$ cat entry.cif   # mmCIF, N, CA and C atoms
data_query
loop_
_atom_site.group_PDB
_atom_site.id
_atom_site.type_symbol
_atom_site.label_atom_id
_atom_site.label_comp_id
_atom_site.auth_asym_id
_atom_site.auth_seq_id
_atom_site.Cartn_x
_atom_site.Cartn_y
_atom_site.Cartn_z
ATOM 1 N N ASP T 246 24.114 29.734 -52.120
ATOM 2 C CA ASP T 246 22.920 29.943 -51.303
ATOM 3 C C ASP T 246 22.212 28.596 -51.181
ATOM 4 N N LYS T 247 22.300 27.989 -49.998
ATOM 5 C CA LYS T 247 21.711 26.680 -49.769
ATOM 6 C C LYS T 247 20.943 26.574 -48.459
ATOM 7 N N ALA T 248 20.817 27.670 -47.699
ATOM 8 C CA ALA T 248 20.124 27.730 -46.414
ATOM 9 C C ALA T 248 20.867 26.909 -45.366
ATOM 10 N N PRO T 249 20.641 27.156 -44.075
ATOM 11 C CA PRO T 249 21.298 26.336 -43.053
ATOM 12 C C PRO T 249 20.875 24.880 -43.154
ATOM 13 N N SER T 250 21.794 23.996 -42.781
ATOM 14 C CA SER T 250 21.559 22.566 -42.864
ATOM 15 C C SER T 250 20.551 22.129 -41.805
ATOM 16 N N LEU T 251 20.278 20.824 -41.776
ATOM 17 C CA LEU T 251 19.370 20.269 -40.782
ATOM 18 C C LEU T 251 19.941 20.313 -39.372
ATOM 19 N N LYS T 252 21.246 20.554 -39.220
ATOM 20 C CA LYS T 252 21.804 20.764 -37.891
ATOM 21 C C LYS T 252 21.155 21.953 -37.201
ATOM 22 N N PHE T 253 20.710 22.939 -37.976
ATOM 23 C CA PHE T 253 20.215 24.193 -37.440
ATOM 24 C C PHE T 253 18.733 24.428 -37.692
ATOM 25 N N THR T 254 18.074 23.583 -38.488
ATOM 26 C CA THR T 254 16.672 23.780 -38.818
ATOM 27 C C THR T 254 15.776 22.600 -38.470
ATOM 28 N N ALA T 255 16.328 21.488 -37.998
ATOM 29 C CA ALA T 255 15.502 20.330 -37.696
ATOM 30 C C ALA T 255 14.632 20.602 -36.471
ATOM 31 N N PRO T 256 13.349 20.257 -36.522
ATOM 32 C CA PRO T 256 12.480 20.453 -35.358
ATOM 33 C C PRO T 256 12.856 19.509 -34.226
ATOM 34 N N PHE T 257 12.353 19.834 -33.037
ATOM 35 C CA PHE T 257 12.545 19.073 -31.807
ATOM 36 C C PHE T 257 13.996 19.043 -31.350
ATOM 37 N N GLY T 258 14.850 19.891 -31.911
ATOM 38 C CA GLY T 258 16.246 19.933 -31.515
ATOM 39 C C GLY T 258 17.027 18.677 -31.826
ATOM 40 N N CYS T 259 16.777 18.067 -32.979
ATOM 41 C CA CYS T 259 17.530 16.893 -33.380
ATOM 42 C C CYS T 259 18.963 17.270 -33.735
ATOM 43 N N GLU T 260 19.889 16.365 -33.438
ATOM 44 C CA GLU T 260 21.269 16.494 -33.887
ATOM 45 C C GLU T 260 21.456 15.630 -35.124
ATOM 46 N N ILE T 261 21.911 16.237 -36.212
ATOM 47 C CA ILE T 261 21.990 15.562 -37.501
ATOM 48 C C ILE T 261 23.435 15.153 -37.743
ATOM 49 N N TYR T 262 23.659 13.853 -37.934
ATOM 50 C CA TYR T 262 24.994 13.310 -38.118
ATOM 51 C C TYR T 262 25.044 12.481 -39.391
ATOM 52 N N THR T 263 26.266 12.249 -39.865
ATOM 53 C CA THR T 263 26.516 11.556 -41.119
ATOM 54 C C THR T 263 27.384 10.330 -40.860
ATOM 55 N N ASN T 264 27.279 9.349 -41.761
ATOM 56 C CA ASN T 264 28.027 8.096 -41.708
ATOM 57 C C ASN T 264 27.748 7.328 -40.421
ATOM 58 N N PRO T 265 26.546 6.750 -40.258
ATOM 59 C CA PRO T 265 25.422 6.814 -41.195
ATOM 60 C C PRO T 265 24.576 8.067 -41.003
ATOM 61 N N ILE T 266 23.808 8.441 -42.027
ATOM 62 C CA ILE T 266 22.910 9.583 -41.905
ATOM 63 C C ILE T 266 21.877 9.280 -40.834
ATOM 64 N N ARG T 267 21.909 10.042 -39.742
ATOM 65 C CA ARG T 267 21.013 9.771 -38.630
ATOM 66 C C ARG T 267 20.667 11.063 -37.909
ATOM 67 N N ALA T 268 19.584 11.002 -37.143
ATOM 68 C CA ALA T 268 19.205 12.045 -36.204
ATOM 69 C C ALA T 268 19.322 11.498 -34.790
ATOM 70 N N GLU T 269 19.663 12.370 -33.851
ATOM 71 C CA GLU T 269 19.915 11.951 -32.482
ATOM 72 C C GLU T 269 19.220 12.886 -31.508
ATOM 73 N N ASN T 270 18.729 12.302 -30.414
ATOM 74 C CA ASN T 270 18.146 13.044 -29.297
ATOM 75 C C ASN T 270 16.979 13.919 -29.747
ATOM 76 N N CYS T 271 16.137 13.375 -30.623
ATOM 77 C CA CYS T 271 14.899 14.040 -31.004
ATOM 78 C C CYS T 271 13.883 13.876 -29.881
ATOM 79 N N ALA T 272 13.484 14.989 -29.270
ATOM 80 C CA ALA T 272 12.580 14.955 -28.120
ATOM 81 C C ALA T 272 11.122 14.976 -28.577
ATOM 82 N N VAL T 273 10.737 13.918 -29.286
ATOM 83 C CA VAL T 273 9.377 13.748 -29.775
ATOM 84 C C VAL T 273 8.929 12.319 -29.492
ATOM 85 N N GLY T 274 7.685 12.172 -29.053
ATOM 86 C CA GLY T 274 7.110 10.860 -28.832
ATOM 87 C C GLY T 274 7.633 10.199 -27.570
ATOM 88 N N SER T 275 7.141 8.984 -27.340
ATOM 89 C CA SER T 275 7.532 8.186 -26.191
ATOM 90 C C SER T 275 7.684 6.735 -26.617
ATOM 91 N N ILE T 276 8.584 6.029 -25.944
ATOM 92 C CA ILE T 276 8.886 4.632 -26.241
ATOM 93 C C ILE T 276 8.088 3.764 -25.274
ATOM 94 N N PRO T 277 7.175 2.918 -25.758
ATOM 95 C CA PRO T 277 6.470 1.983 -24.868
ATOM 96 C C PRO T 277 7.342 0.771 -24.566
ATOM 97 N N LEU T 278 7.719 0.623 -23.302
ATOM 98 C CA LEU T 278 8.570 -0.471 -22.855
ATOM 99 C C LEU T 278 7.710 -1.617 -22.342
ATOM 100 N N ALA T 279 8.110 -2.844 -22.673
ATOM 101 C CA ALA T 279 7.438 -4.043 -22.192
ATOM 102 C C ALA T 279 8.469 -4.944 -21.534
ATOM 103 N N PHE T 280 8.281 -5.212 -20.246
ATOM 104 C CA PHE T 280 9.155 -6.075 -19.469
ATOM 105 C C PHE T 280 8.496 -7.431 -19.264
ATOM 106 N N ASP T 281 9.300 -8.484 -19.343
ATOM 107 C CA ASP T 281 8.905 -9.826 -18.936
ATOM 108 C C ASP T 281 9.900 -10.255 -17.869
ATOM 109 N N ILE T 282 9.459 -10.232 -16.617
ATOM 110 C CA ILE T 282 10.286 -10.588 -15.467
ATOM 111 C C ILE T 282 9.887 -11.990 -15.026
ATOM 112 N N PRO T 283 10.798 -12.959 -15.029
ATOM 113 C CA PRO T 283 10.450 -14.288 -14.525
ATOM 114 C C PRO T 283 10.151 -14.245 -13.037
ATOM 115 N N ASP T 284 9.338 -15.206 -12.593
ATOM 116 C CA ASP T 284 8.870 -15.217 -11.212
ATOM 117 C C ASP T 284 10.002 -15.386 -10.206
ATOM 118 N N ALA T 285 11.185 -15.816 -10.652
ATOM 119 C CA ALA T 285 12.279 -16.070 -9.720
ATOM 120 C C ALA T 285 12.780 -14.794 -9.055
ATOM 121 N N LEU T 286 12.767 -13.667 -9.771
ATOM 122 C CA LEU T 286 13.312 -12.427 -9.227
ATOM 123 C C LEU T 286 12.439 -11.805 -8.145
ATOM 124 N N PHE T 287 11.215 -12.289 -7.954
ATOM 125 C CA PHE T 287 10.309 -11.721 -6.958
ATOM 126 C C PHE T 287 10.529 -12.448 -5.638
ATOM 127 N N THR T 288 11.266 -11.810 -4.734
ATOM 128 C CA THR T 288 11.575 -12.395 -3.437
ATOM 129 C C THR T 288 10.395 -12.189 -2.487
ATOM 130 N N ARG T 289 10.574 -12.568 -1.228
ATOM 131 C CA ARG T 289 9.509 -12.490 -0.241
ATOM 132 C C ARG T 289 9.560 -11.162 0.506
ATOM 133 N N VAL T 290 8.425 -10.805 1.112
ATOM 134 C CA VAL T 290 8.329 -9.540 1.836
ATOM 135 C C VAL T 290 9.201 -9.569 3.084
ATOM 136 N N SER T 291 9.285 -10.722 3.750
ATOM 137 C CA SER T 291 10.085 -10.813 4.967
ATOM 138 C C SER T 291 11.565 -10.577 4.691
ATOM 139 N N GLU T 292 12.026 -10.877 3.474
ATOM 140 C CA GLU T 292 13.443 -10.712 3.165
ATOM 141 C C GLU T 292 13.818 -9.241 3.026
ATOM 142 N N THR T 293 12.940 -8.433 2.441
ATOM 143 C CA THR T 293 13.186 -7.003 2.354
ATOM 144 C C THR T 293 12.776 -6.324 3.656
ATOM 145 N N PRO T 294 13.385 -5.182 3.981
ATOM 146 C CA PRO T 294 12.954 -4.441 5.171
ATOM 147 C C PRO T 294 11.487 -4.046 5.081
ATOM 148 N N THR H 295 2.986 -20.004 31.425
ATOM 149 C CA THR H 295 1.669 -19.451 31.142
ATOM 150 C C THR H 295 1.835 -18.158 30.357
ATOM 151 N N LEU H 296 1.116 -18.048 29.246
ATOM 152 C CA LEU H 296 1.253 -16.910 28.350
ATOM 153 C C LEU H 296 0.327 -15.771 28.757
ATOM 154 N N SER H 297 0.780 -14.547 28.492
ATOM 155 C CA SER H 297 -0.006 -13.353 28.767
ATOM 156 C C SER H 297 0.450 -12.235 27.839
ATOM 157 N N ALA H 298 -0.488 -11.360 27.472
ATOM 158 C CA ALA H 298 -0.223 -10.181 26.645
ATOM 159 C C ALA H 298 0.424 -10.579 25.313
ATOM 160 N N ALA H 299 -0.341 -11.339 24.534
ATOM 161 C CA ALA H 299 0.100 -11.833 23.236
ATOM 162 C C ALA H 299 -0.770 -11.241 22.140
ATOM 163 N N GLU H 300 -0.132 -10.752 21.079
ATOM 164 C CA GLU H 300 -0.834 -10.190 19.933
ATOM 165 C C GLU H 300 -0.235 -10.743 18.649
ATOM 166 N N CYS H 301 -1.098 -11.170 17.729
ATOM 167 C CA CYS H 301 -0.675 -11.774 16.471
ATOM 168 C C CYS H 301 -0.799 -10.773 15.333
ATOM 169 N N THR H 302 0.257 -10.668 14.529
ATOM 170 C CA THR H 302 0.267 -9.834 13.335
ATOM 171 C C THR H 302 0.709 -10.680 12.152
ATOM 172 N N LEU H 303 -0.031 -10.581 11.046
ATOM 173 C CA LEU H 303 0.309 -11.288 9.811
ATOM 174 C C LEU H 303 1.175 -10.371 8.954
ATOM 175 N N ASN H 304 2.479 -10.395 9.232
ATOM 176 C CA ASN H 304 3.404 -9.552 8.485
ATOM 177 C C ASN H 304 3.630 -10.041 7.062
ATOM 178 N N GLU H 305 3.165 -11.243 6.725
ATOM 179 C CA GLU H 305 3.311 -11.779 5.377
ATOM 180 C C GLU H 305 2.355 -12.949 5.209
ATOM 181 N N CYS H 306 1.624 -12.969 4.097
ATOM 182 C CA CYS H 306 0.763 -14.102 3.792
ATOM 183 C C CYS H 306 0.526 -14.194 2.294
ATOM 184 N N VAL H 307 0.793 -15.371 1.736
ATOM 185 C CA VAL H 307 0.350 -15.746 0.400
ATOM 186 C C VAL H 307 -0.282 -17.126 0.497
ATOM 187 N N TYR H 308 -1.493 -17.272 -0.043
ATOM 188 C CA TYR H 308 -2.216 -18.537 0.085
ATOM 189 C C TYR H 308 -1.685 -19.532 -0.948
ATOM 190 N N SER H 309 -0.455 -19.971 -0.704
ATOM 191 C CA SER H 309 0.214 -20.958 -1.533
ATOM 192 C C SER H 309 0.022 -22.355 -0.953
ATOM 193 N N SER H 310 0.435 -23.359 -1.727
ATOM 194 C CA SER H 310 0.327 -24.740 -1.265
ATOM 195 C C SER H 310 1.214 -24.988 -0.052
ATOM 196 N N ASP H 311 2.430 -24.450 -0.065
ATOM 197 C CA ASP H 311 3.358 -24.620 1.044
ATOM 198 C C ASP H 311 3.034 -23.608 2.142
ATOM 199 N N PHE H 312 3.925 -23.491 3.127
ATOM 200 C CA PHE H 312 3.729 -22.581 4.254
ATOM 201 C C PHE H 312 4.002 -21.156 3.782
ATOM 202 N N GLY H 313 2.997 -20.570 3.140
ATOM 203 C CA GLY H 313 3.133 -19.242 2.579
ATOM 204 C C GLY H 313 2.651 -18.136 3.493
ATOM 205 N N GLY H 314 2.859 -18.295 4.796
ATOM 206 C CA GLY H 314 2.474 -17.261 5.734
ATOM 207 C C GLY H 314 3.321 -17.244 6.986
ATOM 208 N N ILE H 315 3.611 -16.053 7.500
ATOM 209 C CA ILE H 315 4.368 -15.887 8.732
ATOM 210 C C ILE H 315 3.540 -15.038 9.686
ATOM 211 N N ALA H 316 3.373 -15.516 10.915
ATOM 212 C CA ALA H 316 2.650 -14.796 11.952
ATOM 213 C C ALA H 316 3.608 -14.478 13.088
ATOM 214 N N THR H 317 3.659 -13.211 13.485
ATOM 215 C CA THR H 317 4.505 -12.772 14.585
ATOM 216 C C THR H 317 3.628 -12.459 15.787
ATOM 217 N N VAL H 318 3.907 -13.111 16.911
ATOM 218 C CA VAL H 318 3.131 -12.937 18.132
ATOM 219 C C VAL H 318 4.023 -12.289 19.183
ATOM 220 N N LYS H 319 3.559 -11.168 19.722
ATOM 221 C CA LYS H 319 4.218 -10.498 20.835
ATOM 222 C C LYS H 319 3.690 -11.090 22.136
ATOM 223 N N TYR H 320 4.601 -11.582 22.976
ATOM 224 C CA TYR H 320 4.243 -12.332 24.166
ATOM 225 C C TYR H 320 4.975 -11.809 25.394
ATOM 226 N N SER H 321 4.290 -11.927 26.535
ATOM 227 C CA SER H 321 4.806 -11.587 27.860
ATOM 228 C C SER H 321 4.543 -12.807 28.741
ATOM 229 N N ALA H 322 5.442 -13.781 28.687
ATOM 230 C CA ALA H 322 5.241 -15.049 29.367
ATOM 231 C C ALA H 322 5.783 -15.004 30.792
ATOM 232 N N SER H 323 5.261 -15.909 31.622
ATOM 233 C CA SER H 323 5.722 -16.007 33.003
ATOM 234 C C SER H 323 7.152 -16.530 33.074
ATOM 235 N N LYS H 324 7.502 -17.479 32.209
ATOM 236 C CA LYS H 324 8.823 -18.092 32.237
ATOM 237 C C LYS H 324 9.095 -18.735 30.885
ATOM 238 N N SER H 325 10.354 -19.105 30.673
ATOM 239 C CA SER H 325 10.733 -19.808 29.456
ATOM 240 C C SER H 325 10.176 -21.227 29.468
ATOM 241 N N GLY H 326 10.026 -21.794 28.275
ATOM 242 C CA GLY H 326 9.484 -23.136 28.166
ATOM 243 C C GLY H 326 9.116 -23.461 26.730
ATOM 244 N N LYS H 327 8.180 -24.392 26.582
ATOM 245 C CA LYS H 327 7.717 -24.843 25.276
ATOM 246 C C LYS H 327 6.200 -24.738 25.210
ATOM 247 N N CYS H 328 5.684 -24.196 24.111
ATOM 248 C CA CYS H 328 4.251 -24.122 23.868
ATOM 249 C C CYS H 328 3.869 -25.047 22.725
ATOM 250 N N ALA H 329 2.787 -25.799 22.914
ATOM 251 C CA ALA H 329 2.203 -26.612 21.851
ATOM 252 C C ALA H 329 1.297 -25.701 21.030
ATOM 253 N N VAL H 330 1.923 -24.945 20.130
ATOM 254 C CA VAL H 330 1.186 -24.003 19.302
ATOM 255 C C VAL H 330 0.325 -24.778 18.314
ATOM 256 N N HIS H 331 -0.944 -24.391 18.205
ATOM 257 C CA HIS H 331 -1.885 -25.140 17.384
ATOM 258 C C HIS H 331 -3.072 -24.253 17.044
ATOM 259 N N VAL H 332 -3.646 -24.486 15.868
ATOM 260 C CA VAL H 332 -4.875 -23.812 15.452
ATOM 261 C C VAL H 332 -6.015 -24.822 15.514
ATOM 262 N N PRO H 333 -6.939 -24.697 16.470
ATOM 263 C CA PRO H 333 -8.050 -25.661 16.539
ATOM 264 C C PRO H 333 -8.902 -25.690 15.284
ATOM 265 N N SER H 334 -9.089 -24.550 14.627
ATOM 266 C CA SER H 334 -9.856 -24.504 13.395
ATOM 267 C C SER H 334 -9.021 -25.016 12.224
ATOM 268 N N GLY H 335 -9.695 -25.256 11.107
ATOM 269 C CA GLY H 335 -9.047 -25.663 9.881
ATOM 270 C C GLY H 335 -8.609 -24.520 8.996
ATOM 271 N N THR H 336 -8.611 -23.290 9.517
ATOM 272 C CA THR H 336 -8.243 -22.133 8.709
ATOM 273 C C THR H 336 -6.795 -22.214 8.242
ATOM 274 N N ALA H 337 -5.886 -22.608 9.129
ATOM 275 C CA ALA H 337 -4.467 -22.636 8.811
ATOM 276 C C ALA H 337 -3.843 -23.922 9.328
ATOM 277 N N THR H 338 -2.749 -24.321 8.689
ATOM 278 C CA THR H 338 -1.949 -25.463 9.107
ATOM 279 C C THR H 338 -0.583 -24.961 9.550
ATOM 280 N N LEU H 339 -0.166 -25.359 10.748
ATOM 281 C CA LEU H 339 1.057 -24.843 11.348
ATOM 282 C C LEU H 339 2.237 -25.740 11.004
ATOM 283 N N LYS H 340 3.329 -25.123 10.547
ATOM 284 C CA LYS H 340 4.547 -25.878 10.279
ATOM 285 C C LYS H 340 5.126 -26.465 11.559
ATOM 286 N N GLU H 341 5.086 -25.707 12.651
ATOM 287 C CA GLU H 341 5.671 -26.124 13.918
ATOM 288 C C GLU H 341 4.572 -26.549 14.880
ATOM 289 N N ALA H 342 4.735 -27.728 15.475
ATOM 290 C CA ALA H 342 3.824 -28.194 16.512
ATOM 291 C C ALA H 342 4.220 -27.714 17.900
ATOM 292 N N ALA H 343 5.396 -27.108 18.042
ATOM 293 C CA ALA H 343 5.847 -26.583 19.320
ATOM 294 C C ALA H 343 6.792 -25.419 19.063
#
$ encode --input "entry.cif" --output "structure tokens"
Amino acid sequence: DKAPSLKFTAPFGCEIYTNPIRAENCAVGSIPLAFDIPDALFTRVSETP
Amino acid sequence: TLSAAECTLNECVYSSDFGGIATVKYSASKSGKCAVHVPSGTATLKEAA
């Protein structure tokens, strides 16, 4: 008697894997992304439609 | 002799170089050359004709 593993009881629908011990696709929180785009990639308005 | 001309600023950035394009719709009497010029100091024209 050991109860179901974390594969079946982890909140947010995490997938529990081993080697290495990890959780996957936990639908909690948000990742704040920060982009640094150099000025070269910004073309002119006349070039785009 | 020019007639029915309208200027649209389809692009402008106040940069040191020629950072602006003006498109003029024209209905001229005949083909030829115009001495395009801005009497005011608001803008500097890349082309004198």
$ residues_around --input "entry.cif" --residues "segment 258-260 of chain T" --least-positions-apart "5" --cutoff "7 Å" --atoms "all atoms listed in the file" --output "list in words"
residues 251, 252, 267, 268, 269, 270, 271 and 272 of chain T
$ resolve_selection --input "entry.cif" --expression "the PyMOL selection byres ((chain T) within 8 of (chain H))" --output "list in words"
residues 289, 290 and 291 of chain T
$ write_last_selection --input "entry.cif" --atoms "N, CA and C atoms" --output "PDB file, in the frame of the given file"
ATOM      1  N   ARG T 289      10.574 -12.568  -1.228  1.00  0.00           N
ATOM      2  CA  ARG T 289       9.509 -12.490  -0.241  1.00  0.00           C
ATOM      3  C   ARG T 289       9.560 -11.162   0.506  1.00  0.00           C
ATOM      4  N   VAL T 290       8.425 -10.805   1.112  1.00  0.00           N
ATOM      5  CA  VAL T 290       8.329  -9.540   1.836  1.00  0.00           C
ATOM      6  C   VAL T 290       9.201  -9.569   3.084  1.00  0.00           C
ATOM      7  N   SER T 291       9.285 -10.722   3.750  1.00  0.00           N
ATOM      8  CA  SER T 291      10.085 -10.813   4.967  1.00  0.00           C
ATOM      9  C   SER T 291      11.565 -10.577   4.691  1.00  0.00           C
TER      10      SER T 291
END
$ residues_around --input "entry.cif" --residues "residue 326 of chain H" --least-positions-apart "2" --cutoff "12 Å" --atoms "only C-alpha atoms" --output "mmCIF file with N, CA and C atoms, keeping the file's coordinate frame"
data_model
loop_
_atom_site.group_PDB
_atom_site.id
_atom_site.type_symbol
_atom_site.label_atom_id
_atom_site.label_comp_id
_atom_site.auth_asym_id
_atom_site.auth_seq_id
_atom_site.Cartn_x
_atom_site.Cartn_y
_atom_site.Cartn_z
ATOM 1 N N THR H 295 2.986 -20.004 31.425
ATOM 2 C CA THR H 295 1.669 -19.451 31.142
ATOM 3 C C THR H 295 1.835 -18.158 30.357
ATOM 4 N N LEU H 296 1.116 -18.048 29.246
ATOM 5 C CA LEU H 296 1.253 -16.910 28.350
ATOM 6 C C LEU H 296 0.327 -15.771 28.757
ATOM 7 N N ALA H 322 5.442 -13.781 28.687
ATOM 8 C CA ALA H 322 5.241 -15.049 29.367
ATOM 9 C C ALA H 322 5.783 -15.004 30.792
ATOM 10 N N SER H 323 5.261 -15.909 31.622
ATOM 11 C CA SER H 323 5.722 -16.007 33.003
ATOM 12 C C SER H 323 7.152 -16.530 33.074
ATOM 13 N N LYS H 324 7.502 -17.479 32.209
ATOM 14 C CA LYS H 324 8.823 -18.092 32.237
ATOM 15 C C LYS H 324 9.095 -18.735 30.885
ATOM 16 N N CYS H 328 5.684 -24.196 24.111
ATOM 17 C CA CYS H 328 4.251 -24.122 23.868
ATOM 18 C C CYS H 328 3.869 -25.047 22.725
ATOM 19 N N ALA H 329 2.787 -25.799 22.914
ATOM 20 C CA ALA H 329 2.203 -26.612 21.851
ATOM 21 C C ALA H 329 1.297 -25.701 21.030
ATOM 22 N N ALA H 343 5.396 -27.108 18.042
ATOM 23 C CA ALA H 343 5.847 -26.583 19.320
ATOM 24 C C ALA H 343 6.792 -25.419 19.063
#
$ atom_distance --input "entry.cif" --atom1 "atom CA of residue 319 of chain H" --atom2 "atom CA of residue 297 of chain H"
9.4 Å
$ atom_distance --input "entry.cif" --atom1 "atom CA of residue 273 of chain T" --atom2 "atom CA of residue 247 of chain T"
26.8 Å
$ select_by_dssp --input "entry.cif" --residues "chain T" --states "strand (DSSP E)" --output "PyMOL selection string"
chain T and resi 260-262+267-269
$ select_by_dssp --input "entry.cif" --residues "chain T" --states "helix (DSSP H, G or I)" --output "PyMOL selection string"
chain T and resi 251-254+256-258+284-286
$ write_last_selection --input "entry.cif" --atoms "N, CA and C atoms" --output "compact mmCIF listing (two decimals), in the frame of the given file"
# COMPACT_ATOMS: atom_id res chain seq x y z
N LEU T 251 20.28 20.82 -41.78
CA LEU T 251 19.37 20.27 -40.78
C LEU T 251 19.94 20.31 -39.37
N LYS T 252 21.25 20.55 -39.22
CA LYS T 252 21.80 20.76 -37.89
C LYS T 252 21.16 21.95 -37.20
N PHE T 253 20.71 22.94 -37.98
CA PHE T 253 20.22 24.19 -37.44
C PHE T 253 18.73 24.43 -37.69
N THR T 254 18.07 23.58 -38.49
CA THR T 254 16.67 23.78 -38.82
C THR T 254 15.78 22.60 -38.47
N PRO T 256 13.35 20.26 -36.52
CA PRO T 256 12.48 20.45 -35.36
C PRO T 256 12.86 19.51 -34.23
N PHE T 257 12.35 19.83 -33.04
CA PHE T 257 12.54 19.07 -31.81
C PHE T 257 14.00 19.04 -31.35
N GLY T 258 14.85 19.89 -31.91
CA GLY T 258 16.25 19.93 -31.52
C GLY T 258 17.03 18.68 -31.83
N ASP T 284 9.34 -15.21 -12.59
CA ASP T 284 8.87 -15.22 -11.21
C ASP T 284 10.00 -15.39 -10.21
N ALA T 285 11.18 -15.82 -10.65
CA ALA T 285 12.28 -16.07 -9.72
C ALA T 285 12.78 -14.79 -9.06
N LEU T 286 12.77 -13.67 -9.77
CA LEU T 286 13.31 -12.43 -9.23
C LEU T 286 12.44 -11.80 -8.14
$ residues_around --input "entry.cif" --residues "residue 338 of chain H" --least-positions-apart "5" --cutoff "9 Å" --atoms "only C-alpha atoms" --output "PDB file with N, CA and C atoms, in the coordinates of the input"
ATOM      1  N   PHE H 312       3.925 -23.491   3.127  1.00  0.00           N
ATOM      2  CA  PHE H 312       3.729 -22.581   4.254  1.00  0.00           C
ATOM      3  C   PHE H 312       4.002 -21.156   3.782  1.00  0.00           C
ATOM      4  N   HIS H 331      -0.944 -24.391  18.205  1.00  0.00           N
ATOM      5  CA  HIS H 331      -1.885 -25.140  17.384  1.00  0.00           C
ATOM      6  C   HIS H 331      -3.072 -24.253  17.044  1.00  0.00           C
ATOM      7  N   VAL H 332      -3.646 -24.486  15.868  1.00  0.00           N
ATOM      8  CA  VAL H 332      -4.875 -23.812  15.452  1.00  0.00           C
ATOM      9  C   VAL H 332      -6.015 -24.822  15.514  1.00  0.00           C
TER      10      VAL H 332
END
$ atom_distance --input "entry.cif" --atom1 "atom CA of residue 299 of chain H" --atom2 "atom C of residue 335 of chain H"
21.0 Å
$ decode --input "entry.cif" --residues "segment 329-340 of chain H" --atoms "N, CA, C and O atoms" --output "PDB file, in the first residue's frame"
ATOM      1  N   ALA H 329      12.198  71.005 -61.888  1.00  0.00           N
ATOM      2  CA  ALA H 329      13.157  71.421 -60.869  1.00  0.00           C
ATOM      3  C   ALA H 329      12.432  71.398 -59.528  1.00  0.00           C
ATOM      4  O   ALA H 329      11.961  72.414 -59.012  1.00  0.00           O
ATOM      5  N   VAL H 330      12.328  70.197 -58.963  1.00  0.00           N
ATOM      6  CA  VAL H 330      11.629  70.023 -57.699  1.00  0.00           C
ATOM      7  C   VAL H 330      12.442  70.671 -56.588  1.00  0.00           C
ATOM      8  O   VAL H 330      13.665  70.496 -56.503  1.00  0.00           O
ATOM      9  N   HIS H 331      11.774  71.460 -55.749  1.00  0.00           N
ATOM     10  CA  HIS H 331      12.474  72.226 -54.727  1.00  0.00           C
ATOM     11  C   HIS H 331      11.492  72.628 -53.640  1.00  0.00           C
ATOM     12  O   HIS H 331      10.307  72.845 -53.905  1.00  0.00           O
ATOM     13  N   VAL H 332      11.998  72.726 -52.414  1.00  0.00           N
ATOM     14  CA  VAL H 332      11.217  73.228 -51.285  1.00  0.00           C
ATOM     15  C   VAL H 332      11.726  74.623 -50.939  1.00  0.00           C
ATOM     16  O   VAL H 332      12.848  74.760 -50.428  1.00  0.00           O
ATOM     17  N   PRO H 333      10.957  75.679 -51.213  1.00  0.00           N
ATOM     18  CA  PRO H 333      11.431  77.033 -50.879  1.00  0.00           C
ATOM     19  C   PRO H 333      11.710  77.226 -49.401  1.00  0.00           C
ATOM     20  O   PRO H 333      12.639  77.962 -49.045  1.00  0.00           O
ATOM     21  N   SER H 334      10.935  76.591 -48.528  1.00  0.00           N
ATOM     22  CA  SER H 334      11.164  76.692 -47.099  1.00  0.00           C
ATOM     23  C   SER H 334      12.329  75.799 -46.678  1.00  0.00           C
ATOM     24  O   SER H 334      12.809  74.951 -47.436  1.00  0.00           O
ATOM     25  N   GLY H 335      12.789  76.003 -45.451  1.00  0.00           N
ATOM     26  CA  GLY H 335      13.829  75.188 -44.866  1.00  0.00           C
ATOM     27  C   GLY H 335      13.329  73.964 -44.135  1.00  0.00           C
ATOM     28  O   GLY H 335      14.097  73.339 -43.396  1.00  0.00           O
ATOM     29  N   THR H 336      12.054  73.608 -44.313  1.00  0.00           N
ATOM     30  CA  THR H 336      11.490  72.464 -43.605  1.00  0.00           C
ATOM     31  C   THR H 336      12.180  71.165 -44.002  1.00  0.00           C
ATOM     32  O   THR H 336      12.488  70.331 -43.143  1.00  0.00           O
ATOM     33  N   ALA H 337      12.432  70.975 -45.294  1.00  0.00           N
ATOM     34  CA  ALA H 337      13.008  69.732 -45.787  1.00  0.00           C
ATOM     35  C   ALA H 337      14.096  70.031 -46.804  1.00  0.00           C
ATOM     36  O   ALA H 337      14.097  71.083 -47.449  1.00  0.00           O
ATOM     37  N   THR H 338      15.025  69.091 -46.937  1.00  0.00           N
ATOM     38  CA  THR H 338      16.082  69.145 -47.936  1.00  0.00           C
ATOM     39  C   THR H 338      15.875  68.005 -48.922  1.00  0.00           C
ATOM     40  O   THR H 338      15.734  66.848 -48.514  1.00  0.00           O
ATOM     41  N   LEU H 339      15.859  68.330 -50.211  1.00  0.00           N
ATOM     42  CA  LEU H 339      15.534  67.359 -51.245  1.00  0.00           C
ATOM     43  C   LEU H 339      16.800  66.695 -51.768  1.00  0.00           C
ATOM     44  O   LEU H 339      17.778  67.376 -52.093  1.00  0.00           O
ATOM     45  N   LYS H 340      16.777  65.363 -51.843  1.00  0.00           N
ATOM     46  CA  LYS H 340      17.900  64.635 -52.419  1.00  0.00           C
ATOM     47  C   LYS H 340      18.062  64.951 -53.899  1.00  0.00           C
ATOM     48  O   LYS H 340      19.188  65.096 -54.389  1.00  0.00           O
TER      49      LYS H 340
END
